[PDB]
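Peer 1: Here's a structure for you.
Ideal geometry is used to build each Cβ from the backbone, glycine not excepted, and the neighbour counts take in all protein chains shown. Nothing in this text is a laboratory measurement; each read-out follows from the coordinates by a stated rule.
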Amino acid sequence: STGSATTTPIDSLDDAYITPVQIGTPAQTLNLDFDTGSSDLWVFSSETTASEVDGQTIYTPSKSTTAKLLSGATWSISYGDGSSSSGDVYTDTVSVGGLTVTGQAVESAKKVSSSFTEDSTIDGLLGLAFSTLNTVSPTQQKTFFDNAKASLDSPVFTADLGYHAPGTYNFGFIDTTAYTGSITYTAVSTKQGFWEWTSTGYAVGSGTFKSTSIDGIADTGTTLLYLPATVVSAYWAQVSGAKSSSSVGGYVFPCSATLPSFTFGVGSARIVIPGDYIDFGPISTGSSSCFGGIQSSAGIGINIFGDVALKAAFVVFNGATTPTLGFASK
Ligand SMILES: CC[C@H](C)[C@H](NC(=O)[C@@H](NC[C@H](O)[C@@H](N)CC(C)C)C(C)C)C(=O)N[C@@H](Cc1ccccc1)C(=O)OC
């Protein structure tokens, strides 16, 4: 079986992308944030504190005849952004783009963070990291991908984010129609449960490529590109006016300024993010400072290949036994 669904950004800066998902019987469609750096399927619901639901579509486990309590089961997550979600757990049929997974663990929030509450467009998250990270206790659960896998034609899913536009999530197959040239597969370390890979270097605009191993995760759940202090300085050094700021907490640039492109190496191949991808617009409305898309990783612990970077390539998450990450130009 395969499934394809349309992902659409939720705002003009493509701060995140949202995918329609059918949960329940009959079907309740929620828009979830597909998160390849998290292992939890969670959604706003019928139990969620009514002080923390503001415009989101809710999943009503009451109205699904396929829905049952996982009695005793419970979840809690912390995100890198400082996001916090928690509640009870149910088992339900979940369909994504016609790929139906029966008996999927759907994590019903009782409690959600400010961050999620101030976010009207997103109805929950669908984790597509490795199952080791799934939060649910006392009996830990598998992801939707983990559930789909053997049912799939191929144990893979592709990610094809658009820049100011829809893109696509495909499960079970590779559209040879969606990229240009060759896909370069690179080795994945599963050990921390991430889609965890090592980049072969970087170039700043038309400058000379530096060969240097940047260990990082592909995470479609992270908006920007997070890279070592060193790498980040070399980039912003090329934009007049760019400064790192105490108060704003990150690199900014005069919005009148011009972003050189950024190039990252996947093996022998190279991926250009156009400079336009790294403009995240003014820090506050009216401001002539604009916020950059490539930020230091120094304060997080890990380099994140976020949307900024992934949305410049056609990515393939090979969920094989010997998991492999594929990148191609599009
Ligand atoms: C179930 C745990 C998952 C794996 C959780 N994952 C994450 O935080 C990863 N991304 C989290 C999400 O992709 C988030 N950026 C998307 C939005 C919509 C919520 C980071 C590491 C790249 C994590 O490691 N959380 C850390 C907290 C943390 C992580 C990174 C940096 C700082 C602090 C924890 O404590 O485990 C609960």
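Peer 1: Size of the dipole of the chain about the Cα centre, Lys and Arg at +1 and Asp and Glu at -1 on the beta carbon, nothing else charged, in debye to 20?
Peer 2: The calculation lands at about 640 debye.
Peer 1: Could you order peptides 7-14, 277-284, 206-213, 33-40 by the average number of other Cβ atoms within 10 Å of their residues, highest first? Walk me through the numbers on the way to the answer.
Peer 2: Numbers: 7-14: 15.8, 277-284: 17.4, 206-213: 10.9, 33-40: 24.9.
Most protected by this proxy first, the peptides run 33-40, 277-284, 7-14, 206-213.
Peer 1: Based on the inverse mean of 1/r over its pairs of different Cα atoms, what is the Kirkwood hydrodynamic radius of the range 5-174, in Å?
Peer 2: 15.9
Peer 1: Any chance you could tell me what percent of the C-alpha pair distances in the range 19-80 go past 12 Å?
Peer 2: Result: 74 percent of Cα pairs exceed 12 Å.
Peer 1: Now for a different question. For the residue pair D54 and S244, what label-to-label distance in nm results when each label sits 7 Å from Cα along the Cα-to-beta-carbon direction?
Peer 2: 3.3
Peer 1: Next question. Provide the FRET efficiency to the nearest 0.05 for the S46-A165 pair, computing r from the beta carbons and using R0 = 30 Å.
Peer 2: The computed FRET efficiency comes out at 0.35.
Peer 1: Restricting the count to DSSP beta bridges whose residues both fall in the chain, what percent are antiparallel, rounded to a multiple of 5?
Peer 2: 85
Peer 1: Sum up the charges of everything whose Cβ sits under 15 Å from the Cβ of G326, counting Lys and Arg as +1 and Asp and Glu as -1, but leave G326 out.
Peer 2: Combined, the nearby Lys, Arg, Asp and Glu give -1.
Peer 1: Same structure again: Among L133, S45, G181, whose Cα sits farthest toward the positive end of the charge dipole of the chain (+1 at Cβ of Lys/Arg, -1 at Cβ of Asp/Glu, about the Cα centre)?
Peer 2: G181
Peer 1: Something else now. Whole-Hz Karplus ³J(HN,Hα) for the range 107-122, in order, using 6.51 cos²θ - 1.76 cosθ + 1.60 and θ = phi - 60°, x for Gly and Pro?
Peer 2: Rounded to whole hertz, the list is 9, 8, 6, 8, 10, 9, 4, 2, 4, 6, 6, 7, 10, 4, 6, 9.
Peer 1: Suppose only helical runs count, i.e. DSSP H with n ≥ 4. What mean residue ellipticity at 222 nm does that imply for the chain under -39500 (n - 2.57) per run, divided by all residues and rounded to the nearest 500 deg cm²/dmol? Numbers along the way, then the final one.
Peer 2: Details: 4 runs with 21 residues, N = 330.
So the helix-based figure for the chain works out to -1500 deg cm²/dmol.
Peer 1: Please report the spacing between the Cα centers of the range 71-140 and the range 1-68 in Å, no decimals.
Peer 2: 9
Peer 1: Multiplying the sequence separation of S114 and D15 by 0.36 nm and subtracting their Cα-Cα distance, what value in nm do you get? Display every interim value, and only then the final one.
Peer 2: Details: separation 99, 0.36 × 99 = 35.64 nm, distance 1.67 nm.
Here the segment from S114 to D15 would lengthen by 34.0 nm.
Peer 1: Highest first, please rank the peptides 130-139, 241-250, 85-94 by the mean number of other Cβ atoms sitting within 10 Å of their residues.
Peer 2: 85-94, 130-139, 241-250
Peer 1: A further question on this structure: Placing unit charges on C-beta atoms (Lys and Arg positive, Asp and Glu negative, everything else neutral), compute the dipole magnitude of the range 56-205 about its Cα centre in debye, rounded to 20.
Peer 2: On the way: 7 positive and 12 negative charges, 79 e Å.
Magnitude of the dipole: close to 380 debye.
Peer 1: Now for a different question. Extending each Cα 7 Å along its Cβ direction at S131 and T100, get the distance between those two points in nm, one decimal.
Peer 2: 2.2
Peer 1: Between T180 and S287, what is the label-to-label distance in nm when each label sits 7 Å out along the Cα-to-Cβ direction?
Peer 2: 3.3
Peer 1: Give me a comma-separated list of calculated 3J(HN,Hα) values for the range 46-52, in order, Karplus coefficients 6.51, -1.76, 1.60 applied at θ = phi - 60°, integers in Hz, x for any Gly or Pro.
Peer 2: 5, 9, 3, 4, 5, 9, 10
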